[PDB]
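Below, each chain spelled out in residue letters.
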Amino acid sequence: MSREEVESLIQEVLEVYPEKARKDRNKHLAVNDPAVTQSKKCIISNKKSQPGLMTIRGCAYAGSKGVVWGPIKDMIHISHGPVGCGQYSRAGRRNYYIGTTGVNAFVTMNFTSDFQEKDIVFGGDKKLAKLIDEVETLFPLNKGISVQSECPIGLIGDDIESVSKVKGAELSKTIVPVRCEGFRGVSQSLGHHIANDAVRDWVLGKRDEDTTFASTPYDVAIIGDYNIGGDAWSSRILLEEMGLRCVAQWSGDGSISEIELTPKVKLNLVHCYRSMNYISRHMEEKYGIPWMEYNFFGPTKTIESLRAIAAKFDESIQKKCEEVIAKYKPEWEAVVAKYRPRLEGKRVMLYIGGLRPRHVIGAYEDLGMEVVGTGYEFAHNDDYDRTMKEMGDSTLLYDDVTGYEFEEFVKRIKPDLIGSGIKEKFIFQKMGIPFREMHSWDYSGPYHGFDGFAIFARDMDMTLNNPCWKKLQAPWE
Amino acid sequence: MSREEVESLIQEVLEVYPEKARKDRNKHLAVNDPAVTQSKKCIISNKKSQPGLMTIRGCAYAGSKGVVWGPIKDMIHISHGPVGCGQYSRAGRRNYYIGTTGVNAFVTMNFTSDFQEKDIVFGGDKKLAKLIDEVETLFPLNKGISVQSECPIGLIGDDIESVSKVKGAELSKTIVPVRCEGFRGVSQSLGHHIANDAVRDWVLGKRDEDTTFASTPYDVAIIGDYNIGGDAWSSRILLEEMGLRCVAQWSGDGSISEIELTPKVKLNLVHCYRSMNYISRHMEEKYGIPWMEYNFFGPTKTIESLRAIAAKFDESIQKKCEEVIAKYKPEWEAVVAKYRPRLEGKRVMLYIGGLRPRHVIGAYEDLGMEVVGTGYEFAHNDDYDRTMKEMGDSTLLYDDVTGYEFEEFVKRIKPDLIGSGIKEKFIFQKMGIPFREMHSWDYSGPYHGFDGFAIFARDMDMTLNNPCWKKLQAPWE
Amino acid sequence: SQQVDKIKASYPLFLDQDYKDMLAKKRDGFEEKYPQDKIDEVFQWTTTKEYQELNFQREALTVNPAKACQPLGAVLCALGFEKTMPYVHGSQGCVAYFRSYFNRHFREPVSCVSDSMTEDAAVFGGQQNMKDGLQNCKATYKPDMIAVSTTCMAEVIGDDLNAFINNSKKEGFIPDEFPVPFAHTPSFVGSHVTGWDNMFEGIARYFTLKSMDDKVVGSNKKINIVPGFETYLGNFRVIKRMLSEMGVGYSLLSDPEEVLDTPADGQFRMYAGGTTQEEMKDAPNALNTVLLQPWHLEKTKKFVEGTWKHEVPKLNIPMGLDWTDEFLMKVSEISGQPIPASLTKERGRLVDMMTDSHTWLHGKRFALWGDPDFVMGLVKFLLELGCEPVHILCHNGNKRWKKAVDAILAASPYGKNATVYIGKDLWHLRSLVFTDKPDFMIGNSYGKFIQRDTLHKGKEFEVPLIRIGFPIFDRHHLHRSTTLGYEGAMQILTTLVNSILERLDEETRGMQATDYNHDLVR
Amino acid sequence: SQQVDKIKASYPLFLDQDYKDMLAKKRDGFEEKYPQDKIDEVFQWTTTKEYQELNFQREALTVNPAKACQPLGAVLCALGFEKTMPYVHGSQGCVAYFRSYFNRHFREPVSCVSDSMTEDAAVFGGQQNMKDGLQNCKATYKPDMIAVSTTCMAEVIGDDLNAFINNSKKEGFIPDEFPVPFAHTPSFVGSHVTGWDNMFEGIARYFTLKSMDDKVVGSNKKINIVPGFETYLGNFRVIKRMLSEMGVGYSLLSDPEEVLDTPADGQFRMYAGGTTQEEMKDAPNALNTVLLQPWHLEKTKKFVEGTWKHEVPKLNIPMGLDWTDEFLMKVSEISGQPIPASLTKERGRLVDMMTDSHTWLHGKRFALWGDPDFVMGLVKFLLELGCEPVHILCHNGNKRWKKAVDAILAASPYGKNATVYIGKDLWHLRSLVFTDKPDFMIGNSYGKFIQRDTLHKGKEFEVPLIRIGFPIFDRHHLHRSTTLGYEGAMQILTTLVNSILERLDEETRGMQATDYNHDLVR
Ligand code: ICS
Ligand code: ICS
Ligand SMILES: [Ca+2]
Ligand SMILES: [Ca+2]
Ligand SMILES: [Mg+2]
Ligand SMILES: [Mg+2]
């Protein structure tokens, strides 16, 4: 499609809307020009969703509890409020960890205060204090507690900070109040920011006066990898083969102590910019720790990233970097040789959260595929700045896409594959379009690193080329 | 019912038959008189089945392969002829054993010569010789081979004895030809006799000139227990608690060496009279070994049997007998206390093979139940002699019952429970009559001994008193 | 590393030695992990009676609930009406979760909108969100009805749904005649089933309250059927099939079976099937109304009795033999239709299966959970099968319901070792299956973590899960199954007996150890 | 010993220490058992490629066959006719076995008689047994037809069934016009499926050969359907359902579904349902005849084409998506009835399920066995699912059939690693699943012993059995399932994907070892 065809598609689709919605949505849809650096000239983002249009977005509680805090494995995270949020978000996100669940690790459990009417009418702070005592009795090996506020908490005027302070002092325990109520912000995004500030204020400074950690010149932290299907492990292995020491993973497979040790590292390696740039900036301001963005999706990006990271250290690390690259060369070359001829030229549309809609493009290109449309639920303009140069000219960009728009765009563009989430999957399969989940990895993965690229390629091929897709039309029709 | 009512029932049922069948069947149906000692005054048995009447009987191959030889665990038994017999009889009978199947034990496998047309036209003896070589190659730990003839073998004039002699000499292996073709005899019974004579002629004499086995005064063999659901093991335990040494089990869990060691024992203990009286008589004739019948169904019979067996030995065994009886007293008394009040007065009809139709009566009586009809597929008059004194006056006796007869008798008598086989089970359940399989134990057991009585009682109760039986009539009908 | 011809996903990739070594180094270097002996000690303690007693003393903490929140049920109810868009007034995060939750159980699209209230709406409310939301939803998704429920933010701020909808029509955002039934569905009251009841009663009121004067009970010669919160497609289907076989005129009120099972034929169908508006408008003219899941249809019952003047029969859920019989006999009485030969035969085929399988079922002990009607029907059927339902958990149950189940347990000897628990969660149930171990659990996918815990104590302590209930996320297509009627009883019986036999085969598979009992025939 | 409150059956009774010690003493004293190290050595050798080569060189020995003998299939065929008694001329032992075999699979009564020939009949044959047998059977069991087959004794002696039946009528033992169709069914030729073909063609001849002059192809506006040897009740049912939904007139020739599923209502029904004599007599007037299982209906096909003059269509068994589509399209062409909306939707629901489950099915490797038509339909559907059917075993298959399956494998990339074996048995298959291990077996209950053997080598070598085929004796009620049509494809797909997910859950259940991948959602 031509720029003009894409522009006319946008206008065609927007004809369905009442005027207020039409005027708004027009600002959130754009035809890419890789020649632009300032995305605020071409697309609006990080605004409220229009009522009634079937946004795909979640809320701040999802961004805080579901995304940032929930993966921390040796803490207990309380979903504080009525029973739904914590139940719908129980073990939905594949933030993998090693532990003994119910004993020293708690990730896939749902701890809740299960608010009833009396809690709304009279407040939940007394219940929260009692709940904390019950947690301590029944889960003695927990290493800290977080309180993940659901919608009612701030609305009714509860004081979870006071409870957290008083109980934390009483019990000599880290108890973290998080004001991530879903009424705040417009999406998951503000939950990331709230969550980062809670780490800053209640956890990160604990060891500021402690000099006992045995630091080395090669200490790093992986910032913003939630270990989906083991993604952070398949990243860590490479960094340590290169001679680095990964002191912390924020927050996939993460422990409270590794978070507390992070201010001792030499370099913060930021994968998910959107969710963790806030704490990365804090750590540079307060501790002098530099940070850098990287990308472990596919061999081209992984090799570039390894080299850029190694360049921050000495010649010994740069030599090990080239050794790692040489080791894995035949492995990813074999993956390309098998799968690229099966995928070459195929066209993909993506719709994901805050990072992957741009970050996975290189991996598709390593298999000869073209990303012809992409967009984000909750990205900001700094994300779109990073996207426009990654996407081809005249491709389609969509911010906070509506269900209607996404379906209509797909009907016109006719991609060979769509990569999006669970609320999208079953729609597009019925349309006969191969679909891969690009949040959960469709219960596969890892996709990060060299080992992840093999799985990624296998998965894109198994689905795009599956025999089922030739069977949707009955032969009598 | 009175004697007169039962006689009337017999005559009413027989009215359906053509004259020849009516006249025959009348001779096989009797009203019991425990005052009679010569059953040949009362009932005919061990005659041909009438054509077209749906006998429950099997054939001589079932009696030899299925019953006597098949359980011997460390031999390979060849079903010699076309594919059906060996397939239908594969693992149908629960003759339990300890071994490594396919390696040193072979009971649940189906070895066959799978006769084709060329084997019928030109004979199977060359195939048999080649088959034996293949067995030796692929199953080197087998300790002997038997050849279980199916119908075609004698009809086509094959000479399996010659093959067995020549190959046995060549391989220094015991290879046993068994002429158990289903055209011989009238039922399973002649297969027992054929099988016993084959053990006599080809196996039992092997160690006649060996003096190396160390015997003791307390050496016995269990003769005619096929270890259904472990029945022989729950018998053996008691004999050995009583101070005896059980040198052999014929043939449940049996090995070829224990058969060969049997002529060294002091006493043969015969459970199944019908199937193994022949070899027991032979061993008395040739080796001077006495034999005695016993019964391990229910506590009354088991206690009587232990005492009668102990009386054949010295005071030390008689003292151990009383110790065994005292040990198990509280156990079976607890079973009676629990289950007898659940079963008292309930009426049972049985139909089984050659032993159990009389042998289980005492166990039913230990639960307060009454056996109001019994009969056998293939018993002889010496079995009926042993039955008439065990059954009440005016109860119904049936030899080689037809399907029609059994259904009509049940419709009139209206027993609370029926104990018979797989071909009967599903008929009577549709009629709303609780049914227990009294061959396979309905995949339960053991039923022998004190430990078996507990399971028997549990099983009769679970079925007779099951909630399902109150549900067959729809409440709108 | 990967070998291209046999690529490893996470399992078993991370079992490679290099990954194992890396993970050990991470642990030792940076996790400050409790020693394994201490982890073992605490695990063992969590399996004890002493721990159970502390666990059952909880007052404030809930762990691993077995319920969800009201609007989830309102959405499912709404999905059952023709060309109807579920609309949840309040916070959009809730709608992402409701959709995802149902997506994962049905493996189908689930359409639902929010009006995206934000913090600003706390100053004077969500009225503008309602106006623009209704207009936008109608224009974009072209429903013929929008069924409105609420999230907890909207309830706490106190938004008056009725007033807001009325003002939306007054000010021309949607046509006056466009149907916009509503219900308040606070997540801090009851559970998802309560939201279903509230939504249904709201829809029933919308179509009938103001038009009662021309209605005559019995004049349409049909029976209304209200299914309640139901997540097995086969359950909608079996009720319709049985009534059709009997020649009974009926209206199934809330029927999502089509929209939860559209074909993959090249087009997405946002709407399919469903109860029509005409069916709801005409419902008071029925002979009567039967509630399939009465223990969560109490508000609906009061409306149907009080306003439609239907004498709703006292029927249990039609699960198992006796309660299916009672359902059919009552439907026969109401409709005048005889129970047909086909259903009599089907009943007798279930009874035959019971006779066939009774010896393996007898005395088997079960822990089970779910919603109140489902649980009581499962208990009843287990007793009919000669099984013992020893731990009966209903997190969202009430005292009156518990009394009723205790009476069912009293009517059978198979109930003697059973206890009913209300308000308790799956961390409570975990303790019960350690301290008073049953043979199996019957429950939803959250039970898998209990099975995992039991196995960790040892193979002999493992309690296998049998998946019946909602949600089931870790198996495919079980939502197509049936639990109601004779058909559902046959399905449940088959599942139970074969679970017993699969476990027995596992336990007897050990060569020369336990395989003496590895029977070909069972 | 026993504790009265918790009685132990064989498992686990014999694991008690006293029993264990007793069994050790028995072994050591009297069994002269090979040392355990030698047993282990031999077991390991039986898992090797060297052993496999020796195993595949067998010419005379068969071990663990995957077929039965002709008269079994004749009996099943005969059971499908109204008030028909199967009657096997020859030896009564065979009949005890046929009945028991089917009793154990269906958990139903199975009525069949013998005429109890004994050794004396070798002097001049079984004629008197036929005369008295037919008279006795008719009087006692009151069938309206007696369908006669043979055992191998009768075939070897050379009894002329036709002459014997004719003489029975001549001499007044059964009425001249009473139907006594017959077939010679030698157990040393073919297998059970051949006996079905032989019996069916004999019944078809009986009712039609002499009356052809008044017949006109197409005059009754129906299509005949011949099912072949079929042991899933759902297969008879789905075919009738689909034809009925299309409005297609049909006659199912041999239909045992009623007599293999009578209700437990207080009476035994020896006969129920079945194809009527009127249907068989009228069958030449059909438009055409469709053979559901053509690879064992070759004799029937020759008769239908040569005598009825029906142009029997070249159709595969209707299994999987493509072959069900082809079946329905051909039925539409013959009948003039369009494929209705209901079936189009059902098709699309199957396709939806394929899309939903394809990621777990992709590349999964199977060993499988059974009868020829079943096996090739399973192979075809596995290829449609993106699975690899690597070991395809059909003991009773032929060279022409193997060529056809090799062609099917050629039409898909998923067939590249597959081999078809004919004349080979389950001891051959056992070697294949050790030397070229698949993920699962799909087969009958005899496969359980192969699973046991594989586990003994180690958990990582275990190949779980998925039970589809005949006989299934160690699970209850699987005979009620469906394998044909879209319904059968849905059932098969569901069973396969959930077997995969059950095994993955087992492998990921280990606390702090493999449970990182013990996902709630799959
Ligand atoms: S945290 Fe974010 S929506 Fe950066 S909220 Fe979301 S596990 Fe997405 S595109 Mo789900 S900003 Fe992570 C994300 Fe990306 S939950 Fe995962 S896949 S890389
Ligand atoms: S051997 Fe006989 S038919 Fe004595 S052929 Fe039969 S395992 Fe029966 S009544 Mo099946 S003379 Fe044994 C018998 Fe009794 S197979 Fe078993 S139960 S005690
Ligand atoms: Ca789907
Ligand atoms: Ca049955
Ligand atoms: Mg591995
Ligand atoms: Mg797997």
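- Structure determination for this PDB entry is given in the record as X-ray crystallography, at a resolution of 1.00 Å.

## Some points on the overall build of chain A
- Tallying secondary structure elements over chain A gives 20 helices and 14 strands in all.
- By the compact-globule yardstick of 23 Å for 477 residues, chain A fits well, its C-alpha radius of gyration being 23 Å.
- Overall, chain A is about 70 × 60 × 45 Å in size when its C-alpha atoms are taken along their principal axes.
- For chain A, long-range pairs separated by at least 24 residues make up 72% of all intrachain contacts whose partners lie at least 6 apart in sequence.

## Regarding the interface of chain B and chain C
- Residue-level contacts link 31 residues of chain B with 30 residues of chain C.
- Approximately 2600 Å² of surface area, both sides summed, lies buried where chain B meets chain C, with 60% of it carried by carbon and sulfur atoms.
- It is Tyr 443, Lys 471 and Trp 476 of chain B that lose the most area in chain B upon contact with chain C, and together they represent 28% of the buried surface on that side.
- Our count for the chain B to chain C interface comes out at three salt bridges.
- Counting every contact that joins chain B to chain C gives 10 residue pairs in polar contact.
- Those elements that place two or more of their residues in the side of chain B that touches chain C are α19 (422-430) and α20 (449-464) of chain B.

## A closer look at helix α18 (residues 399-410) of chain C
Residues and elements named next belong to chain C.
- With 12 residues, α18 extends 16 Å between its outermost C-alpha atoms, agreeing within 8% with the 16 Å of an ideal straight helix rising 1.5 Å per residue.
- When α18 is considered as a whole, its buried residues turn out to be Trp 401, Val 405, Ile 408 and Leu 409. Here the buried residues of α18 occupy an arc of 100° about the axis, which is enough to place them on one side. Residues of α18 that are exposed and angled more than 90 degrees away from the buried face: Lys 399, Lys 403 and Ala 410.
- Against α15 (320-335), α17 (372-384), β9 (388-394) and β10 (419-422) lie the buried residues of α18.
- Residue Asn 398 occupies the N-cap position of α18, its side-chain oxygen lying 3.1 Å from the main-chain nitrogen of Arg 400.

## Re the domain arrangement of chain A
Residues and elements named next belong to chain A.
- Taken domain by domain, chain A holds domain 1 (1-59 + 342-476), domain 2 (60-202) and domain 3 (203-317).
- Between the C-alpha centres of domain 2 and domain 3 there is a distance of 25 Å.
- Taken residue by residue, the interface counts 26 residues in domain 2 and 25 residues in domain 3.
- Of the roughly 2000 Å² buried where domain 2 meets domain 3, counting both sides, 62% is carbon and sulfur surface.
- It is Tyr 96, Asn 196 and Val 199 that lose the most area in domain 2 upon contact with domain 3, and together they represent 26% of the buried surface on that side.
- There are one salt bridge connecting domain 2 and domain 3.
- When the shortest N-O distance is used, the salt bridge between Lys 73 and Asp 253 registers 2.7 Å.
- On the surface where domain 2 and domain 3 come into contact, there are 10 residue pairs in polar contact.
- Of all the elements in the fold, those that place two or more residues in the side of domain 2 that touches domain 3 are α3 (60-69) and α9 (188-202).

## As for the interface of chain D and chain B
- Facing the 97 residues of chain D at the interface are 111 residues of chain B.
- Note on chain D versus chain B: buried area summed over both sides is about 9000 Å², and carbon and sulfur give 62% of it.
- Among the residues chain D hides against chain B, the three largest losses belong to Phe 30, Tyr 97 and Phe 188 of chain D. Together they make up 9% of the total.
- Connecting chain D to chain B are 10 salt bridges.
- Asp 132 of chain D is the partner of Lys 20 of chain B in a salt bridge, and the nearest nitrogen-oxygen pair spans 2.8 Å.
- Its residues assigned to classes, the side of chain D that touches chain B shows 47 nonpolar, 27 polar and 23 charged.

## Focus on the pattern of salt bridges
All names here are of chain C.
- Under the counting rule described, the total for this entry stands at 189 salt bridges over all chains.
- Between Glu 506 and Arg 503 there is a salt bridge, and its shortest N-O distance comes to 3.7 Å. Here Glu 506 and its partner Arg 503 are both found in helix α21 (residues 485-507), three residues apart, which amounts to about one turn of the helix.
- On the accessibility criterion, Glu 506 (32% relative accessible area) is partly exposed.

Procedures and definitions
Residues numbered from 1 in each chain as written, not as in the entry; some residues may be left out. Chains lettered and ligands numbered in written order. Heavy atoms only, no water. Helix = DSSP H or I, 4+ residues; strand = E, 2+ residues; numbered from the N terminus. Rg over C-alpha atoms; globule rule 2.2 N^0.38 Å. Contact = heavy atoms within 4.5 Å. Buried area = accessible area lost by both parts, 1.4 Å probe. Salt bridge = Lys/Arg side-chain N within 4 Å of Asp/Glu carboxyl O. Polar contact = N/O pair within 3.5 Å; in protein donor to acceptor, adjacent residues only side chain to side chain. Expected span 1.5 Å × (residues − 1). Buried < 20%, exposed > 50% of the residue type's maximum accessible area, 1.4 Å probe, protein only. Arc of directions from axis to C-beta. Domains from an automatic or database assignment. Nonpolar A, V, L, I, M, F, W, Y, C, P; charged D, E, K, R; others polar.

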